[PDB]
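Below is one structure, written out as structure tokens; the observations come after it.
Values below: every heavy atom of this structure, side chains too, minus hydrogens, waters and symmetry copies. Letters A, B, ... are given to chains in the order of the sequence lines, protein chains preceding strands, and every chain is numbered from 1.
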Amino acid sequence: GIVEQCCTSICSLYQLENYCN
Amino acid sequence: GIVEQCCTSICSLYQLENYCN
Amino acid sequence: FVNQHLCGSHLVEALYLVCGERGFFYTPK
Amino acid sequence: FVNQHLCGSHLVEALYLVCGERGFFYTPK
Ligand SMILES: [Cl-]
Ligand SMILES: [Cl-]
Ligand SMILES: [Zn+2]
Ligand SMILES: [Zn+2]
């Protein structure tokens, strides 16, 4: 999930875009 | 939607719970 | 609309605290 | 895990910025 990916390493805005609708 | 309901009036905790998964 | 977006920023934070492990869905207009 | 809870608070704020009008679903573990 997003917590696993982005709280263990820094997620850029482009990486966070994958979780958008 | 949540913006219509809760940005025009103060929504309680239970009203916000309607937008949980 | 800037004012609408500012309210939405607080909308997401409140849902995160209220919903907890369930999570939430947000959709602007 | 308090730090996990704190991290999720910034995550939902970040999602609200990038997704914009598209919206998003927040589904933690
Ligand atoms: Cl504000
Ligand atoms: Cl923090
Ligand atoms: Zn503000
Ligand atoms: Zn913080």
Side-chain angles (χ1 to χ4, degrees):
Chain A
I2 182 176
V3 182
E4 294 82 337
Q5 178 189 6
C6 298
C7 294
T8 59
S9 60
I10 292 181
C11 281
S12 65
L13 304 189
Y14 304 92
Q15 291 175 303
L16 296 165
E17 184 176 6
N18 299 326
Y19 297 96
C20 303
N21 295 336
Chain B
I2 183 175
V3 191
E4 294 72 9
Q5 180 187 359
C6 294
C7 293
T8 61
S9 299
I10 282 185
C11 282
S12 62
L13 299 181
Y14 223 91
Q15 287 179 319
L16 291 181
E17 196 173 356
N18 293 329
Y19 302 100
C20 303
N21 291 327
Chain C
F1 193 47
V2 181
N3 306 83
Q4 194 161 332
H5 197 111
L6 301 187
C7 175
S9 176
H10 297 270
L11 281 173
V12 180
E13 181 57 39
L15 292 180
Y16 172 79
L17 294 179
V18 171
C19 302
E21 299 181 2
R22 292 175 295 173
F24 61 93
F25 58 95
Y26 183 88
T27 299
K29 171 63 68 56
Chain D
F1 206 171
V2 180
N3 280 25
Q4 177 181 346
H5 202 308
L6 301 185
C7 173
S9 180
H10 291 269
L11 278 182
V12 298
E13 177 72 21
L15 288 179
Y16 177 69
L17 262 186
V18 189
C19 303
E21 283 285 346
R22 287 173 290 181
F24 62 95
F25 283 76
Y26 183 68
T27 308
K29 175 170 175 179

Atom pair SG (B:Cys20) and CZ (C:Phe25), whose distance is rounded to the nearest 0.5 Å: 8.0 Å
Spatial distance of atom CG (D:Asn3) from atom SG (A:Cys7) [nearest 0.5 Å]: 9.5 Å
Listed partners of A:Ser12 passing side chain to side chain contact (heavy atoms under 4.5 Å, CB included), at least two apart: A:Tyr14, A:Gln15
Residues forming a side chain to side chain contact (heavy atoms under 4.5 Å, CB included) with C:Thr27, sequence neighbours excluded: A:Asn21
Closest non-hydrogen atom pair between C:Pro28 and C:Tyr26, with its separation: CG-CE2, 3.5 Å
Contacts of type salt bridge (charged side-chain N to carboxylate O under 4.0 Å, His left out), residue C:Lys29, not counting sequence neighbours: B:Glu4
Run the side chain to side chain donor-acceptor pair (under 3.5 Å) test against [X] and tell me which residues pass, sequence neighbours left out.
X       : result
A:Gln5  : A:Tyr19
D:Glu13 : C:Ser9
C:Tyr16 : D:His5

Show me the side-chain donor-acceptor pairs of residues 17-24 of chain C shorter than 3.5 Å, one per line, residues at least two apart or across chains.
residue: C:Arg22; atom: NE; partner: C:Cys19; partner atom: O; Å: 3.2
residue: C:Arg22; atom: NH1; partner: B:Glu17; partner atom: OE2; Å: 2.8
residue: C:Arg22; atom: NH2; partner: B:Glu17; partner atom: OE2; Å: 3.2

Test side-chain contact (heavy atoms from CB on, under 4.5 Å) applied to C:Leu15 and B:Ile2, step by step: CA-CA 10 Å; C:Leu15 292 180; B:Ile2 183 175; 3.6 Å; yes
B:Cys6/C:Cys7 sulfur gamma separation below 2.5 Å: no
Residues clustered with D:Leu6, ILVMFWY side-chain links under 4.5 angstrom: D:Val2
